[PDB]
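Asker: You'll find structure_29.pdb just under this line, and it carries PDB, N, CA and C atoms.
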```pdb
ATOM      1  N   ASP Z   1      48.159  48.986 -10.532  1.00  0.00           N
ATOM      2  CA  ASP Z   1      46.952  49.616 -11.146  1.00  0.00           C
ATOM      3  C   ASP Z   1      45.894  49.894 -10.064  1.00  0.00           C
ATOM      4  N   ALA Z   2      44.725  50.293 -10.504  1.00  0.00           N
ATOM      5  CA  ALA Z   2      43.616  50.590  -9.551  1.00  0.00           C
ATOM      6  C   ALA Z   2      42.937  49.262  -9.239  1.00  0.00           C
ATOM      7  N   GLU Z   3      43.225  48.742  -8.074  1.00  0.00           N
ATOM      8  CA  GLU Z   3      42.613  47.445  -7.658  1.00  0.00           C
ATOM      9  C   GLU Z   3      41.086  47.623  -7.553  1.00  0.00           C
ATOM     10  N   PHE Z   4      40.692  48.868  -7.432  1.00  0.00           N
ATOM     11  CA  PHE Z   4      39.262  49.275  -7.318  1.00  0.00           C
ATOM     12  C   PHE Z   4      39.244  50.796  -7.109  1.00  0.00           C
ATOM     13  N   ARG Z   5      38.912  51.531  -8.140  1.00  0.00           N
ATOM     14  CA  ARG Z   5      38.859  53.030  -8.053  1.00  0.00           C
ATOM     15  C   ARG Z   5      40.048  53.608  -7.251  1.00  0.00           C
ATOM     16  N   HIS Z   6      41.230  53.355  -7.762  1.00  0.00           N
ATOM     17  CA  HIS Z   6      42.517  53.825  -7.141  1.00  0.00           C
ATOM     18  C   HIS Z   6      42.551  53.760  -5.595  1.00  0.00           C
ATOM     19  N   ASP Z   7      41.908  52.751  -5.064  1.00  0.00           N
ATOM     20  CA  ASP Z   7      41.841  52.541  -3.588  1.00  0.00           C
ATOM     21  C   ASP Z   7      43.228  52.387  -2.950  1.00  0.00           C
ATOM     22  N   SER Z   8      43.289  52.710  -1.684  1.00  0.00           N
ATOM     23  CA  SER Z   8      44.567  52.609  -0.922  1.00  0.00           C
ATOM     24  C   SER Z   8      44.880  51.125  -0.666  1.00  0.00           C
ATOM     25  N   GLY Z   9      46.134  50.830  -0.434  1.00  0.00           N
ATOM     26  CA  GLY Z   9      46.538  49.418  -0.174  1.00  0.00           C
ATOM     27  C   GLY Z   9      47.988  49.200  -0.596  1.00  0.00           C
ATOM     28  N   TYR Z  10      48.882  49.531   0.302  1.00  0.00           N
ATOM     29  CA  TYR Z  10      50.353  49.373   0.047  1.00  0.00           C
ATOM     30  C   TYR Z  10      50.679  47.922  -0.378  1.00  0.00           C
ATOM     31  N   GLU Z  11      49.810  47.036   0.052  1.00  0.00           N
ATOM     32  CA  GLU Z  11      49.906  45.572  -0.225  1.00  0.00           C
ATOM     33  C   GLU Z  11      51.084  44.933   0.533  1.00  0.00           C
ATOM     34  N   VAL Z  12      52.281  45.103   0.028  1.00  0.00           N
ATOM     35  CA  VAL Z  12      53.497  44.526   0.677  1.00  0.00           C
ATOM     36  C   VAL Z  12      54.671  45.520   0.620  1.00  0.00           C
ATOM     37  N   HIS Z  13      55.838  45.002   0.918  1.00  0.00           N
ATOM     38  CA  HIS Z  13      57.093  45.815   0.917  1.00  0.00           C
ATOM     39  C   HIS Z  13      57.417  46.347  -0.486  1.00  0.00           C
ATOM     40  N   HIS Z  14      57.894  45.477  -1.342  1.00  0.00           N
ATOM     41  CA  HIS Z  14      58.246  45.888  -2.744  1.00  0.00           C
ATOM     42  C   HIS Z  14      57.707  44.910  -3.781  1.00  0.00           C
ATOM     43  N   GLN Z  15      57.116  43.853  -3.300  1.00  0.00           N
ATOM     44  CA  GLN Z  15      56.543  42.830  -4.236  1.00  0.00           C
ATOM     45  C   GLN Z  15      55.415  43.544  -5.002  1.00  0.00           C
ATOM     46  N   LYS Z  16      54.896  44.585  -4.397  1.00  0.00           N
ATOM     47  CA  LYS Z  16      53.807  45.383  -5.015  1.00  0.00           C
ATOM     48  C   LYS Z  16      54.339  45.956  -6.336  1.00  0.00           C
ATOM     49  N   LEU Z  17      55.556  46.440  -6.292  1.00  0.00           N
ATOM     50  CA  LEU Z  17      56.177  47.025  -7.514  1.00  0.00           C
ATOM     51  C   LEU Z  17      56.396  45.881  -8.515  1.00  0.00           C
ATOM     52  N   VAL Z  18      56.883  44.763  -8.037  1.00  0.00           N
ATOM     53  CA  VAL Z  18      57.128  43.589  -8.928  1.00  0.00           C
ATOM     54  C   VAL Z  18      55.825  43.291  -9.714  1.00  0.00           C
ATOM     55  N   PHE Z  19      54.739  43.162  -8.995  1.00  0.00           N
ATOM     56  CA  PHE Z  19      53.415  42.880  -9.634  1.00  0.00           C
ATOM     57  C   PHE Z  19      53.088  43.987 -10.640  1.00  0.00           C
ATOM     58  N   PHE Z  20      53.272  45.212 -10.219  1.00  0.00           N
ATOM     59  CA  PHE Z  20      52.999  46.387 -11.101  1.00  0.00           C
ATOM     60  C   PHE Z  20      53.754  46.173 -12.429  1.00  0.00           C
ATOM     61  N   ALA Z  21      55.030  45.894 -12.333  1.00  0.00           N
ATOM     62  CA  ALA Z  21      55.869  45.663 -13.551  1.00  0.00           C
ATOM     63  C   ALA Z  21      55.220  44.603 -14.452  1.00  0.00           C
ATOM     64  N   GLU Z  22      54.794  43.513 -13.870  1.00  0.00           N
ATOM     65  CA  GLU Z  22      54.138  42.433 -14.686  1.00  0.00           C
ATOM     66  C   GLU Z  22      52.921  43.023 -15.422  1.00  0.00           C
ATOM     67  N   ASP Z  23      52.099  43.713 -14.669  1.00  0.00           N
ATOM     68  CA  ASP Z  23      50.865  44.364 -15.213  1.00  0.00           C
ATOM     69  C   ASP Z  23      51.247  45.168 -16.459  1.00  0.00           C
ATOM     70  N   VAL Z  24      52.221  46.004 -16.247  1.00  0.00           N
ATOM     71  CA  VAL Z  24      52.784  46.905 -17.292  1.00  0.00           C
ATOM     72  C   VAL Z  24      53.215  46.103 -18.532  1.00  0.00           C
ATOM     73  N   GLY Z  25      54.024  45.112 -18.268  1.00  0.00           N
ATOM     74  CA  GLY Z  25      54.559  44.216 -19.340  1.00  0.00           C
ATOM     75  C   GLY Z  25      53.441  43.692 -20.246  1.00  0.00           C
ATOM     76  N   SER Z  26      52.462  43.092 -19.619  1.00  0.00           N
ATOM     77  CA  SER Z  26      51.304  42.533 -20.387  1.00  0.00           C
ATOM     78  C   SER Z  26      50.513  43.651 -21.083  1.00  0.00           C
ATOM     79  N   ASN Z  27      50.155  44.642 -20.308  1.00  0.00           N
ATOM     80  CA  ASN Z  27      49.380  45.827 -20.787  1.00  0.00           C
ATOM     81  C   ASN Z  27      49.854  46.345 -22.140  1.00  0.00           C
ATOM     82  N   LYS Z  28      51.149  46.455 -22.277  1.00  0.00           N
ATOM     83  CA  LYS Z  28      51.782  46.940 -23.541  1.00  0.00           C
ATOM     84  C   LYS Z  28      51.039  46.459 -24.806  1.00  0.00           C
ATOM     85  N   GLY Z  29      50.583  45.228 -24.801  1.00  0.00           N
ATOM     86  CA  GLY Z  29      49.851  44.689 -25.990  1.00  0.00           C
ATOM     87  C   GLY Z  29      48.584  45.526 -26.224  1.00  0.00           C
ATOM     88  N   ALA Z  30      47.748  45.571 -25.215  1.00  0.00           N
ATOM     89  CA  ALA Z  30      46.474  46.355 -25.323  1.00  0.00           C
ATOM     90  C   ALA Z  30      46.785  47.825 -25.633  1.00  0.00           C
ATOM     91  N   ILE Z  31      47.801  48.324 -24.984  1.00  0.00           N
ATOM     92  CA  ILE Z  31      48.251  49.733 -25.160  1.00  0.00           C
ATOM     93  C   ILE Z  31      48.489  50.003 -26.650  1.00  0.00           C
ATOM     94  N   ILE Z  32      49.301  49.190 -27.278  1.00  0.00           N
ATOM     95  CA  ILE Z  32      49.578  49.381 -28.736  1.00  0.00           C
ATOM     96  C   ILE Z  32      48.247  49.398 -29.497  1.00  0.00           C
ATOM     97  N   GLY Z  33      47.410  48.435 -29.198  1.00  0.00           N
ATOM     98  CA  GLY Z  33      46.077  48.358 -29.877  1.00  0.00           C
ATOM     99  C   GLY Z  33      45.345  49.702 -29.744  1.00  0.00           C
ATOM    100  N   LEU Z  34      45.289  50.205 -28.537  1.00  0.00           N
ATOM    101  CA  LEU Z  34      44.607  51.512 -28.277  1.00  0.00           C
ATOM    102  C   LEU Z  34      45.240  52.632 -29.119  1.00  0.00           C
ATOM    103  N   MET Z  35      46.551  52.705 -29.087  1.00  0.00           N
ATOM    104  CA  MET Z  35      47.293  53.749 -29.869  1.00  0.00           C
ATOM    105  C   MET Z  35      46.836  53.715 -31.333  1.00  0.00           C
ATOM    106  N   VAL Z  36      46.841  52.522 -31.870  1.00  0.00           N
ATOM    107  CA  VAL Z  36      46.420  52.290 -33.286  1.00  0.00           C
ATOM    108  C   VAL Z  36      44.974  52.796 -33.461  1.00  0.00           C
ATOM    109  N   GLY Z  37      44.110  52.316 -32.603  1.00  0.00           N
ATOM    110  CA  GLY Z  37      42.667  52.701 -32.625  1.00  0.00           C
ATOM    111  C   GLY Z  37      41.808  51.435 -32.563  1.00  0.00           C
ATOM    112  N   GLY Z  38      40.763  51.495 -31.776  1.00  0.00           N
ATOM    113  CA  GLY Z  38      39.844  50.322 -31.628  1.00  0.00           C
ATOM    114  C   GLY Z  38      39.231  49.940 -32.982  1.00  0.00           C
ATOM    115  N   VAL Z  39      38.823  50.952 -33.706  1.00  0.00           N
ATOM    116  CA  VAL Z  39      38.202  50.757 -35.051  1.00  0.00           C
ATOM    117  C   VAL Z  39      39.288  50.951 -36.129  1.00  0.00           C
ATOM    118  N   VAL Z  40      40.485  50.556 -35.776  1.00  0.00           N
ATOM    119  CA  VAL Z  40      41.662  50.669 -36.696  1.00  0.00           C
ATOM    120  C   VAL Z  40      42.490  49.371 -36.619  1.00  0.00           C
TER
END
```
Show this structure as structure tokens.

Answerer:
Amino acid sequence: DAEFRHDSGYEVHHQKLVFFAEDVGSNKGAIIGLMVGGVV
């Protein structure tokens, strides 16, 4: 994700992708909520 306004930062070799996947996994919950609607 944007660690700060989509700033640059390769971080590491591929562990960066691993972390991204985790972010994604968790996010899904909030994502569904948004799809439904905040006031829904």

Asker: Between atom CA of residue Z:26 and atom N of residue Z:1, what is the distance in Å, rounded to a tenth?

Answerer: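 Atom N of residue Z:1 lies at a distance of 12.2 Å from atom CA of residue Z:26.
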
Asker: Tell me, which residues of stretch 1-33 of chain Z carry DSSP alpha helix (DSSP H), written as an MDAnalysis selection string?

Answerer: chainID Z and resid 15:33

Asker: What's the separation between atom CA of residue Z:4 and atom CA of residue Z:22, in Å to one decimal place?

Answerer: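 The value is 18.0 Å.
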
Asker: Just to confirm, what's the straight-line distance from atom CA of residue Z:37 to atom N of residue Z:24 in Å (one decimal)?

Answerer: 20.1 Å

Asker: To box stretch 9-26 of chain Z, take all atoms listed in the file, fit an axis-aligned box, add 6 Å on each side, and give centre and edge lengths in Å to one decimal, as JSON.

Answerer:
```
{"center_x": 52.2, "center_y": 46.6, "center_z": -10.1, "size_x": 24.1, "size_y": 20.4, "size_z": 34.0}
```

Asker: With only C-alpha atoms as the counted atoms, please give the residues lying no more than 12 Å from residue Z:10, apart from itself and same-chain residues fewer than 6 positions off, as a compact mmCIF listing (two decimals) with N, CA and C atoms, keeping the file's coordinate frame.

Answerer:
```txt
# COMPACT_ATOMS: atom_id res chain seq x y z
N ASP Z 1 48.16 48.99 -10.53
CA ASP Z 1 46.95 49.62 -11.15
C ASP Z 1 45.89 49.89 -10.06
N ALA Z 2 44.72 50.29 -10.50
CA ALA Z 2 43.62 50.59 -9.55
C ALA Z 2 42.94 49.26 -9.24
N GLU Z 3 43.22 48.74 -8.07
CA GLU Z 3 42.61 47.44 -7.66
C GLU Z 3 41.09 47.62 -7.55
N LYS Z 16 54.90 44.58 -4.40
CA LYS Z 16 53.81 45.38 -5.01
C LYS Z 16 54.34 45.96 -6.34
N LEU Z 17 55.56 46.44 -6.29
CA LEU Z 17 56.18 47.02 -7.51
C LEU Z 17 56.40 45.88 -8.52
N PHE Z 20 53.27 45.21 -10.22
CA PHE Z 20 53.00 46.39 -11.10
C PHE Z 20 53.75 46.17 -12.43
```
